[PDB]
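Reading the structure
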Protein chains: 2
Amino acid sequence: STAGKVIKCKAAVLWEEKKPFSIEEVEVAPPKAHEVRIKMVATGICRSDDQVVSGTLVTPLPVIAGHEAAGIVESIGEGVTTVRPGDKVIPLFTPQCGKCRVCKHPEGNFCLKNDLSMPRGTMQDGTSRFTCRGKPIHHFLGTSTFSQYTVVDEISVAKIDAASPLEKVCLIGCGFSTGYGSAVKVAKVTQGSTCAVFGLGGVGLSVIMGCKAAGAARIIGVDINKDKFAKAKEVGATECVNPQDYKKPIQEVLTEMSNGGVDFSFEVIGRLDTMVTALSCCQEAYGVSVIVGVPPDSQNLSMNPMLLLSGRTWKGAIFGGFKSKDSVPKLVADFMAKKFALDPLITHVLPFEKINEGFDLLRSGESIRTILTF
Amino acid sequence: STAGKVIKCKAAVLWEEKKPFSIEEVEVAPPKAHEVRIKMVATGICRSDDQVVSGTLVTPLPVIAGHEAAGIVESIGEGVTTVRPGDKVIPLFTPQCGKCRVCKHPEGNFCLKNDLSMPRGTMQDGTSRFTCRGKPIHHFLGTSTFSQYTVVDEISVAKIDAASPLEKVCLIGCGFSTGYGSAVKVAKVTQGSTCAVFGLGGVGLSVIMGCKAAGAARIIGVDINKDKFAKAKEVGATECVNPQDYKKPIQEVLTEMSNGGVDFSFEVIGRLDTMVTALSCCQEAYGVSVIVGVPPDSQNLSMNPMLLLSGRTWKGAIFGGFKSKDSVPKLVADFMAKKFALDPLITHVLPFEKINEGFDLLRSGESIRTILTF
Ligand SMILES: NC(=O)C1=CN([C@@H]2O[C@H](COP(=O)(O)OP(=O)(O)OC[C@H]3O[C@@H](n4cnc5c(N)ncnc54)[C@H](O)[C@@H]3O)[C@@H](O)[C@H]2O)C=CC1
Ligand SMILES: NC(=O)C1=CN([C@@H]2O[C@H](COP(=O)(O)OP(=O)(O)OC[C@H]3O[C@@H](n4cnc5c(N)ncnc54)[C@H](O)[C@@H]3O)[C@@H](O)[C@H]2O)C=CC1
Ligand SMILES: O=CNC1CCCCC1
Ligand SMILES: O=CNC1CCCCC1
Ligand SMILES: [Zn+2]
Ligand SMILES: [Zn+2]
Ligand SMILES: [Zn+2]
Ligand SMILES: [Zn+2]
C-alpha cells in the first residue's frame, strides 16, 4: 500500500539552534537499495538531542533529530536481508557494517561508516530522504527518530524480539546501553571495587546499574542537582555527593572518601572540567576513568600528564563499547528475561506532539527519560 | 672494616641547576634500621638524571642524582632480611613496600612510599645519609647512585644473581625495564599489531624490544635525529620516520602509514606536543597510547577529549608497570637466560670520573646509554 511511495507524515524539524522543534508535515522518500523505512512507535529524549538544539553538538541544520527509539519496519529496499516488513527494530546511531577494520576488531565498535566524526546529516549515499516545505532536511546520526516515519541504512538497524515493549526498549537504542556498557564492557568494573559516577541522568543511572551488576562494593554518585540522589540510590548508588556542598574540589573529597582514590570513575555529564576531575579522583597507580559525556564542540581541555604517568588509564567510548547490531537484540533478550530494569529511567511519558514539553522537562532538571509515543 | 663507620668517598654532587656535576669527597653515614649501604659498581646515564640538571624534573638540590645502577652490599642496618653483605643488588627508584594498597593491587606498582610524587630527597625517615663540605646533600628517588657508596631503604633494593654482569644489568634498574614493561605489561602489545614508538633513546629502544617480543608485525620508530634509526632497526623497528622530513603533522603520516591509525603508540621523549601526537596517531576506536616520557614540571597539555570518546585508551606508567622488588631479580634471571639483549643499548663505557663527558654525549645526540664504572 505505502511500499515504493512517498509518505507524508508529521516530524519534529529543527530549523535553527536554540529554537523549539516545529511539528509539521514532511515527505519521507521510499527506501533505496539496502535501506529500511520504519514506522516509529516510541522515542526517548536524550541530552545529546538537546546538545544539537544548544549547538554544543554540531550537525548540519535544518535536521530531524532523535536517535533513541524503536518502531516497526514499513518496507525494505532492494537487497535488504536482516529485517522484513512488520519486524520490531531499533535504529543504531552507531552503525555496524561488519566489513571495516573496526567492525572486525574484537574490542572496536566505532564503525568507520558512522556519521558522528564528520557529520554530513545524510544517508550512506550522501543524500536525504526528507523534504519539508519543498526543502531537503538533514538526517541525524543515520537515525532521525523524531518522525512518524524514518529511513535508515540497513547497517543502522537491528531486528529485535517480536514481543518486546517498544515504549521501554527504545532506551536500549541509546541511554541504557551507553551507561551499562560503559561500566561492564569499557571500564570492566570488578567485584568489590569503588566507583564514582559523575552525572545522574539516564546514562549515569545506567552506569550505576552496570557497576552494581559487576558487583562494585561502593558506587558514589556525583551531581550538583541533589533531586537526582534518591533514584541513584534506588538503582545501586551507596552514597551521593553534591560538589556545591564542599569547600574543597570534589576530586579531593572523592580521594579522601575512597582512602586514596577510586577504582573506576565515569564522566557522564559532558563538561571539560568534570572530565579532568573524574580522571584525578581515580587512584593514581591503577585507577581507570571513562569519558561518556559529550563535550562542547571544538573545545580542548587542559590537564597535567603526570596524572597518567603514575599509572592511571583514561578512555572514552560511544554506545557503551557495544558492537551495535550484534548487541542490541541480545540486550532486548536480556531485558525480556528481567536481567536489568528500564522503568527506573522512565520518569515521564508524552505523545510525540508534546516533544517541546519533553525537552522543557529535561532542561528543568525534572526528568530522567521522557518517552514520546507516536 | 667500614661497617658501622662513616665512609668518605667520591660522589658527583649537583649543587644547582644547569651546572656540571662536581666530583668530590662526600661522607656516607652507616645504615640505620632497615637500611642498606651499597658499594656501587656501575651506573647508567638516563635522560631523567639530565632533566634534574635542566630543571624540568624538580627534586630538592643540592643532590646526588643517579638511579640506574648495580652494586654490592657493604653493610645492613638492624632488621634487614632481604639482602646481606656481599650480595649483588639493584637500587629501586620505585620502591616495593609490599604493605600499601598499591603494592597489594595486582596491577599497581607506584608504591605509596615513593619519593616521586612529592619529592623530599631523603631516606624514608626524612633525613639524609650524605654530607659534603659540611652541608647535608639530598638523596634522589631513594637511590643516589652517582656515588661510590649510597644508602637505601630496604624496600628500595633488590637482591640479584651473584653471577650477573653489573656493568650490563644496571640498565634493568631503569631504562630497559621501563621500556620493555611499557610494551609487554602496560600496553600489552598483541601479536600482528602495528606499533609507533616516539623517541629512540635507551628507553624507546627497550619499548621496541618489548613490541618485538610481543610479536608486533610493524614497529615504526619516530625520531627527529635520523642517526637513531640504524640501531632502532637492529632491535626490531620495521621502518623509521623523521617528522622534520614531512610537510604534514606526523600523526597524519602515521595514520596513513597504518591504514587508519596504529594499534599501540608510545611517547618516549617527554614533550607535551608528542604526547598529544602519539595519542592522535593510534586508531580512534581501539587504539592504545602509553606515556613513558617525563614531561616538564608543572606544564599542562591541551587536547580534544573527542580523541578518547571514540574509543582510544590513554595511559602512563612508571618503571614499565613492574612491581620493582618482585620483577628486577626475575628480569636479571631472564637476561642471564638470554631472553633479551642489553648490549645494543650500551654505546659508551666511561670511568665514573668522566660523568660530565657522559652527560655531554647524551645531550649531543651521540649516545644511547653511557655506563659509568666505579
Ligand atoms: N558516549 C555516548 O555514546 C553517549 C553520550 N551521551 C552524553 O552523556 C551525557 C549524559 O546524558 P544524559 O544522562 O542524557 O544527560 P542528563 O542531562 O540527564 O544528565 C546529566 C546530569 O549531569 C548533572 N550535572 C550537570 N553539571 C554537572 C556538574 N558540574 N557536576 C556534576 N553534575 C553535573 C546534571 O544535573 C544531570 O543530572 C550527555 O553529555 C550526553 O550527550 C549520551 C548518550 C550516548
Ligand atoms: N616512565 C618512567 O618510568 C621513565 C621515564 N623516563 C623518561 O623517558 C624519556 C626517554 O628517556 P631516554 O630514552 O633516556 O632519553 P633519550 O634522550 O635517550 O631519548 C629521547 C629521544 O627522543 C628524541 N626526540 C627529542 N625530541 C623529539 C621530537 N620532538 N620528536 C621525536 N623525537 C624527539 C631524541 O632525539 C632522542 O633520541 C625521558 O623523558 C625520560 O625522563 C625514563 C626512564 C623511566
Ligand atoms: O547520544 C547519542 N549519541 C552521541 C554519542 C556521542 C557523540 C555524540 C552523539
Ligand atoms: O628514569 C627514572 N625515573 C623517572 C620516572 C618517572 C618520573 C621521573 C623519574
Ligand atoms: Zn543518546
Ligand atoms: Zn564497520
Ligand atoms: Zn607499597
Ligand atoms: Zn631512568
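Note on numbering: residues are counted from 1 along each chain in the order of its written sequence, which can differ from the entry, and residues with no coordinates are hidden. Numbering of ligands from 1 and lettering of chains from A proceed in the order in which they are written. As a convention, hydrogens and water are excluded, and side-chain values are obtained from all of the structure's heavy atoms.

Per the deposited record, determination of this structure is attributed to X-ray crystallography, with the resolution reported as 1.42 Å.

Attention now goes to the pattern of salt bridges. Throughout this description, the term salt bridge denotes a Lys or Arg side-chain nitrogen within 4 Å of a carboxyl oxygen of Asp or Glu. What the rule picks out here adds up to 28 salt bridges over all chains. We note a salt bridge from B:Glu74 to B:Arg37, for which the minimum N-O separation is 2.8 Å. Remark: B:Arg37 occurs in strand β3 (residues 35–44) and B:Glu74 occurs in strand β4 (residues 68–76); sequence separation between them is 37 residues. When salt bridges that share partners are traced, they join A:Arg47, A:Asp50, A:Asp360 and A:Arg363 into one network. Helical segments are the DSSP runs of H or I of at least four residues, strand segments are the runs of E of at least two, and each set is numbered from the N terminus.

For a metal with four tetrahedral donors the ideal donor-metal-donor angle is 109.5 degrees, whereas six octahedral donors ideally subtend 90 or 180 degrees. All names here are of chain A. As a rule, N, O and S atoms within 2.8 Å of a metal are its donors, except that Na, K and Ca use 3.2 Å; water is not among the atoms, so sites may look incomplete. The zinc ion (ligand 5) binds to the protein through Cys 46 (SG), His 67 (NE2) and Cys 174 (SG), with metal-donor distances spanning 2.1 to 2.3 Å. Considering all 4 donor atoms around the zinc ion (ligand 5), the spread of angles at the metal, 89 to 130 degrees, places the coordination shape in the tetrahedral class. In terms of primary sequence, the donors binding the zinc ion (ligand 5) are separated according to C-x20-H-x106-C. In this pair, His 67 is assigned in the loop between β4 (63–64) and β5 (69–76) and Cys 174 in the loop between α2 (166–169) and α3 (175–187), connecting sequence segments 107 residues apart. Taken as a pair, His 67 and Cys 174 share a single burial class, namely buried. Think of it this way: with four donors and all angles in the 85 to 135 degree range, the site is tetrahedral; with four or six donors, opposite ones beyond 155 degrees and the rest between 65 and 115, it is square planar or octahedral; otherwise it is irregular. Burial here depends on accessible area, computed with a 1.4 Å probe over protein chains only, as a share of the maximum for the residue type. Under 20% is buried, over 50% is exposed, and the range in between is partly exposed.

Let us look at the coordination of the zinc ion (ligand 6). Residues and elements named next belong to chain A. Around the zinc ion (ligand 6), the protein contributes the donor atoms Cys 97 (SG), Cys 100 (SG), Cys 103 (SG) and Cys 111 (SG), which lie 2.3 Å from the metal centre. Viewed at the metal, the 4 donor atoms of the zinc ion (ligand 6) are separated by angles of 102 to 120 degrees, and the geometry they form is tetrahedral. Look at where the donors of the zinc ion (ligand 6) fall in the sequence and you get C-x2-C-x2-C-x7-C.

Once that is clear, we can look at the sheet that holds strand β7 (residues 130–132) of chain A. Residues and elements named next belong to chain A. For two strands to count as paired, DSSP must find a minimum of two bridges between them. Read from one edge of the open sheet, 5 strands run β4-β1-β2-β7-β8, paired in antiparallel fashion. If you trace the sheet from one side to the other, it starts and ends with β4 and β8 (135–137), each paired once. As paired strands, strand β1 (residues 7–14) and strand β2 (residues 22–28) are joined by 7 bridges and run antiparallel to one another. Directly across from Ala 11, in β2, lies its bridge partner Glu 24.

All names here are of chain A. Of all 8 residues in β5, 6 are buried, a share of seventy percent or more. Where strand β3 (residues 35–44) and β5 come together, 7 bridges link them in antiparallel fashion. Counterpart to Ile 38 in the pairing with β5 is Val 73. Inspection of the sheet shows β5 paired to strand β6 (residues 88–91) by 2 bridges, in the antiparallel sense. Within the sheet, the bridge partner assigned to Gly 71 lies in β6 and is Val 89.

Here we take up the site of ligand 3. Residue and element names in this part refer to chain A. Close to ligand 3 lie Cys 46, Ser 48, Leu 57, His 67, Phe 93, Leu 116, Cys 174, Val 294 and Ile 318. Here a polar contact is recorded for every N or O atom pair within 3.5 Å, except that within protein the pair must consist of a potential hydrogen donor and a potential acceptor, and residues adjacent in sequence are included only if both atoms are side-chain atoms. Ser 48 places a polar side-chain atom, nitrogen or oxygen, 2.7 Å from an oxygen atom of ligand 3. In the model, an oxygen atom of ligand 3 is placed 3.0 Å from a nitrogen or oxygen of the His 67 side chain. We get accessible surface area from the Shrake-Rupley algorithm with a probe of 1.4 Å; when it comes to residues, only the shown protein chains can shield them. For ligand 3, whose unbound accessible area comes to 280 Å², protein coverage reaches 92%. Near is defined per residue: the residue qualifies when any heavy atom it owns lies within 4 Å of the molecule or strand.

This part takes up the side chain of B:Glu35. Residue and element names in this part refer to chain B. Here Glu 35 is to be found in strand β3. Of the polar contacts made by the side chain of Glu 35, one reaches the backbone nitrogen of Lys 32; its length is 2.9 Å. Within the local environment of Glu 35, its side chain forms a polar contact with the side chain of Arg 129, the two groups lying 2.7 Å apart. Contacts: residue pairs with any heavy atoms within 4.5 Å of one another. Ignoring anything within four residues of it in the chain, the contact list for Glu 35 reads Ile 76, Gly 77, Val 80, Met 123, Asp 125, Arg 129, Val 151, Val 152, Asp 153 and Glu 154.

Attention now goes to the relation of the copies chain A and chain B. Least-squares fitting over the C-alpha atoms is the method by which the copies are superposed. Once chain A has been moved 0.0 Å along the axis and rotated by 180 degrees, it coincides with chain B to within an RMSD of 0.1 Å. These values place the two chain copies in the arrangement generated by a two-fold rotation axis. Ranked by how close their C-alpha atoms come to the rotation axis, the residues of chain A are headed by A:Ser302, at 2.2 Å. Here 98% of the contact residues of chain A are again contact residues in chain B; the copies associate through an equivalent surface.

Now for the site of ligand 1. Around ligand 1, the surrounding shell holds 28 residues, and the nearest of these are A:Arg47, A:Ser48, A:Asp223, A:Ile269 and A:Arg369. The residues that come close to ligand 1 belong to more than one chain, namely chains A and B. Within the contact set of ligand 1, an oxygen atom lies 3.1 Å away from a backbone nitrogen or oxygen of A:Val294. A distance of 2.9 Å separates an oxygen atom of ligand 1 from a polar atom in the side chain of A:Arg369. Look at ligand 1: alone it shows 860 Å² of surface, and the protein chains cover 90% of it. When contributions to the shell around ligand 1 are tallied by element, the ones reaching two or more residues are α1 (47–54) and α4 (202–214) of chain A. The leading source of residues in the shell around ligand 1 is α1(A), at 3 residues. When residue character is reported, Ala, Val, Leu, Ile, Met, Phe, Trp, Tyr, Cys and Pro are called nonpolar, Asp, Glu, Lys and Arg charged, and the others, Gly included, polar. When its residues are assigned to classes, the shell around ligand 1 shows 14 nonpolar, 9 polar and 5 charged.

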